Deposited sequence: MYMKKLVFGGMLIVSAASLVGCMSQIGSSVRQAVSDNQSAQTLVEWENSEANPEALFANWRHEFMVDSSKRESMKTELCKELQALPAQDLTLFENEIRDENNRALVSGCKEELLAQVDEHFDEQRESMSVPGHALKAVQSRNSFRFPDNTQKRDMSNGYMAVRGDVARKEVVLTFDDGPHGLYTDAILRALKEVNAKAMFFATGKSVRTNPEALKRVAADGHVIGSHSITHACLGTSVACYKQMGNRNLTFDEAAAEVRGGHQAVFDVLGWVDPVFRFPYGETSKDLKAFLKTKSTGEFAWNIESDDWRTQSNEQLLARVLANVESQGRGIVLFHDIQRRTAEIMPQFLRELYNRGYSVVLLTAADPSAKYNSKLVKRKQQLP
């Protein structure tokens, strides 16, 4: 199996050795990238298909279940159906059994795959705060008060996990900001509509360039949201670590807020549910307030969301939604083409 096995082991290794999100973003063995390349190889040489399948299955089946979670989204992705058809059910049983075991030790269990009403029976107060985005806006902590946090979710919607996150938020009257990506929106428009219907803010996150190529990436995610909903909030998040002064100026000209964050979840890193809750809550406490970075495409984030929300409440934190001061801004984005 050596090249496929080497790449599988490399994904796991790089995920553990990365010190930051940006470093992990720099990996050459990101599972999404690995499977995009395998789909291409599979397409272009039919003589290699059966051996790719047997090898991929053997190498993924060799992983400990917790490590296998790194590849879960690729295994679930119907685009990869032919690659994993030989072992999909078995792999997903291993991952599902892992999250079953993880759930046992939680006082407020969640479930990313099915609709569960958690044990949460509290309600965060409404707390929506307006920001003038007409000549842009740079958010790090978002100008919120002590013990206020803004929950933000990148790269969705996912076909399953986002709805679990929505259920968790709704149960406790929490609102959030979603920075959707074009690819996810095109795959899952009905899920995006459910996010919209639950009162959340929805902007975009680009994913990869010359200035014009980068600007086109900024427009494209915004356009995808707009094409589904008839609006897109004037909020945008760069590809992590982007420093371009030109793109920052562009956003201001285009009356769109630029959202960074100050509270890391590290939810990109394979880890136990326990570890993830500990890291994100330690960072909430360390910072005291601000903007939290989650990914609604990360299963484990959906699994821990009810528990996370209960701990925010227990710890005296309140959830804030940031939104444009101009309620019409979402219908008149300078990043989208009408009609």
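In sequence order, the deposited residues that have no C-alpha coordinates form the ranges 1-22, 231-248, 380-383.
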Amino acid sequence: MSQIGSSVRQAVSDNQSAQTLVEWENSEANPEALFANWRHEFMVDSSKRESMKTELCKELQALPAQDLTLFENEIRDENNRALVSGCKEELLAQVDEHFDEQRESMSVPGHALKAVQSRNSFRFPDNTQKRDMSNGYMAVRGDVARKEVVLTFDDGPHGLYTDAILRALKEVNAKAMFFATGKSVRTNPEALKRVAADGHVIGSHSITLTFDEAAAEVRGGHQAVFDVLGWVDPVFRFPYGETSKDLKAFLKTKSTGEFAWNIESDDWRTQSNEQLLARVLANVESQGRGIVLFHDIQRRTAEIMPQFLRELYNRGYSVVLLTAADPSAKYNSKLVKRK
From here on, numbers count along this sequence of modelled residues.
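Annotation for 322-330 versus 8-16: the higher mean temperature factor (C-alpha) is found in 8-16. Stretches 86-94 and 152-160 differ in mean CA B factor, with 86-94 having the higher one. For the set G230, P239, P189, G199, the PDB entry assigns the largest Cα B-factor to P239. Going by the entry's values, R119 shows the largest Cα B-factor out of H222, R167, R119, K193. When the CA B factors of the chain's modelled residues are split into thirds, the value for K58 lands in the highest one. Remark: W38 belongs to the highest third of its chain, ranked by C-alpha B-factor as recorded. When the CA B factors of the chain's modelled residues are split into thirds, the value for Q271 lands in the middle one. When the modelled residues of the chain are ordered by their C-alpha B factor, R131 lands in the middle third. When the modelled residues of the chain are ordered by C-alpha B-factor, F124 sits in the middle third.
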